[PDB]
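One structure is given below, encoded as structure tokens.
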């Protein structure tokens, strides 16, 4: 994490697709290094299909620079999450901020 | 010409302590102290975990289903596991756990020389009801920093690909600081004290470390072409069948030189060698310009 | 978990009072601790006897002029500090400078005693100008286990005990077979000629070993 | 195979055999200078400060 | 050539009609293989590994 | 750069320091005076040099 | 504000503290600036360039 920051790194980290952002608020049903399954709150939820938002995290794979691109879950089993929150960090990102 | 000695060793924590030395002459607190700091930080026995074979894992770059930690993260966590052994230079432990919840360092099977200083230490978490992880944690003892990269030269069939090598963190010492304050003993002109306040992981006693440090320090003062190469190759280089190799080794034939001395008669007299095996051996030897009943006269030189 | 001792030495010495000794194998970071600790001990603490104080025949003070010598008394005192004295079981000895003439007073012009030994006869104490130039004095030596200046005597000549004139250690990379990097520790010393640099190193670090005799 | 002996052999062939060092913007003739090789563990070239 | 012909008949080695084009790890780089993908022309028989 | 700041910090003088005004036989015991922490690196001093 | 946040940390206003050589153990003359800088590793890595 940057110890000396700006306040932009959060925006740079989140707005860029590297991090995995919650589509809808709720609680986390399942937290794995592979996937993260979130049970959606009824208010944000649509009438049909019920449903839960399941995010499949990208794991170790080739980047364009021949580096590694990998995601890690920043959330714990059965944790409150809000819409537009970081569920997982991409490479070189810490808790929704940008660590270069 | 007064020689120093130790005094009250104050243990403030499992982590760290302050060792002290009373009888120090003029300026010697620094000369002894810093030199002691050096050897303390650098050279010390350590037991840091080396090899780890996990359940379904071929490489450290995968993720096991049921654990939110990446395998590499789990190795990096293990590297920070502090253990102390007594009679064994290298012990192998076995970790097993399942169900939802954190897997700590106390979840391993306890062995004779195993002492876990941090039972609360987190190896990895468990996210699913039925998900289980078993692993062999191979812990050996050494000095200094031995990275995983330099560990492979010797090689010699580390083939169990499920075994991931990790960097060696061997060293009890974290932080060592020495302060000299004037120490007034009852009667004496002026003497100094040595307060060495050290930081450890708990796997080494203060008196022990402070002892070996000066032990090594003083320990430094102790001075202050004919014949075929192919004949010495192991039989495995012949690339025979497992049966033939084991049979030859059972007949005290460990190298090619040993094999080329034997005759067909002698080999057929062995309890386990049939005509097929002999055919194979003659074939592989002939394929490299060798044979049975070869004399080299002078087995061996040195 | 066995350790590494050195295995290659080659004391290359210039002349007699000067020496440059070297050691090839040495574990990483051991060269600096060894070099430094031995340097500290070598410089600050060492046995030896030279000059503490010398009475003045002509005047009562270090600030004055002698008939027959253009050198200031302090100047001659510096010269006396540069005199090599090695004494035997006698703890404090005293010599005399009796001599006169149209030429300089050397270290061979001093009086010969039983337990006294001067290593350098060519050493210059002071010059003697024209005529008789009355000169002779008594010189008292003393012992120390470090360096004690003239001001340090509170209740005058600077007493130079430690034979070491100059001590330096140079640490360079040491290559042994399949071991990547080791230390090579080169100790270079200059002494006053009383005790030879070679043993001087031994006794020096021997003090270190005595300091550690309560631990290992 | 990089057998342990060859290294010492290299130490022989390197001794009095100089090498040439050069930088990208070569202007004056000093842009290329000859030195004597000293074997180093690392992938980087060590260049004397005064140069 | 002649010396090679002598060499082969002395040592009795069949010189293969096949040259080794195998893909090998570039000199100096050392890592762990985390993935393998095999692409086959449509209609050509897939090998064992594939 | 580093070197010239070294020789600059070495060869230089402040108004008052350890061993100010004293006298020494030569550079040897000057350095010997400095390294023992008795005399400051930069101090006004008369010394005999050859 | 920086010095004021240094007060809350028990650390000096100067940002400079005393440092001791890990070699001779002696103190360094003058205070030196120590702190925490965010540093990046660019990818020019030598085993590529060489």
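Every residue, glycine among them, receives a Cβ derived from its backbone with ideal geometry; neighbour counts consider all protein chains shown. All of the numbers you see were taken from the coordinates with simple rules; none came from a lab.
Brief remarks on what is shown
- For C:155, C:112, G:44, the sequence from fewest to most other C-beta atoms within 10 Å is C:155, G:44, C:112.
- Convex hull volume per residue for chain D, taking Cα atoms only, in Å³: 110
- 5 Å binning of all Cα-Cα separations within segment B:203-251, expressed as whole percents from 0 upward: 5, 15, 12, 8, 6, 3, 1, 1, 10, 21, 17, 2
- Oblate is the label for chain E, because a/c, from the alpha-carbon gyration tensor with a ≥ b ≥ c as root eigenvalues, is 1.5 or above and a/b does not exceed b/c.
- Compactness index (Cα Rg / 2.2 N^0.38 Å), segment B:5-112: 1.58
- Taking G:11, G:40, G:19 in turn, the Gaussian network model of chain G (Cα-Cα springs below 10 Å) assigns the largest fluctuation to G:40.
- Annotation for residue D:12 and residue A:52: the two label points, set 7 Å from Cα along the Cα-Cβ direction, are 7.3 nm apart.
- Prolate/oblate/rounded call for chain C, Cα gyration tensor, a/c under 1.5 rounded: prolate
- What the Cβ-Cβ distance of residue E:29 and residue B:163 gives, at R0 = 30 Å and to the nearest 0.05, is a FRET efficiency of 0.90.
- Calculated on the alpha-carbon coordinates, the convex hull of segment C:23-64 measures out at 125 cubic angstrom per residue.
- Proportion of all alpha-carbon pairs of segment C:145-197 beyond 14 Å (%): 68
- Nearest-0.05 FRET efficiency for residue C:15 and residue F:46, computed from C-beta distance (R0 25 Å): 0.25
- The alpha carbon convex hull volume per residue for segment B:42-170 rounds to 105 Å³.
- Over all distinct Cα-Cα pairs of segment C:167-216, the Kirkwood formula returns a hydrodynamic radius of 13.4 Å.
- Average beta-carbon neighbours from other chains, 10 Å sphere, peptide C:37-43: 6
- Per-residue [θ]222 nm for chain C (sum of -39500 (n - 2.57) over DSSP H runs n ≥ 4, rounded to 500): -5500 deg cm²/dmol
- Estimated FRET transfer efficiency (residue B:150, residue G:48; beta-carbon r; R0 22 Å; 0.05): 0.60
- Burial order of peptide ranges B:269-281, C:95-107 (average beta-carbon count within 10 Å, highest first): C:95-107, B:269-281
- On Cα atoms only, tilt of D:4-14 relative to the major axis of chain D in degrees: 40
- Degrees, to the nearest 10: E:2-11 long Cα axis against longest axis of chain E: 80
- Solvent-free Debye scattering, log10 I(q)/I(0), computed from the Cα coordinates of segment A:12-100 at q = 0.14, 0.19 Å⁻¹: -0.49, -0.83
- Taking other C-beta atoms within 10 angstrom as a stand-in for reagent exposure, A:24, B:163 fall in the order B:163, A:24, fewest first.
- Once divided by 2.2 N^0.38 Å, the Cα radius of gyration of chain G becomes 1.75.
- Using all pairs of distinct alpha-carbon atoms, the Kirkwood hydrodynamic radius of segment B:231-301 works out to 12.1 angstrom.
- Per-residue Cβ neighbour rank within 10 angstrom, fewest leading, G:10, D:8: G:10, D:8
- Peptide B:210-223 has a mean shielding of 6, counted as Cβ atoms of other protein chains within 10 Å of each residue's Cβ.
- In Å, descending, principal axis extents of the Cα set of segment B:101-207: 71, 40, 26
- Extending 7 Å from Cα along the Cβ direction at residue B:295 and again at residue F:14 yields two label points whose distance is 9.0 nm.
- Cα centroids of chain E and chain D: 37 Å apart.
- Equivalent ellipsoid dimensions for the protein assembly as shown as semi-axes, Å, which come from the Cα gyration tensor, largest first: 67, 42, 28
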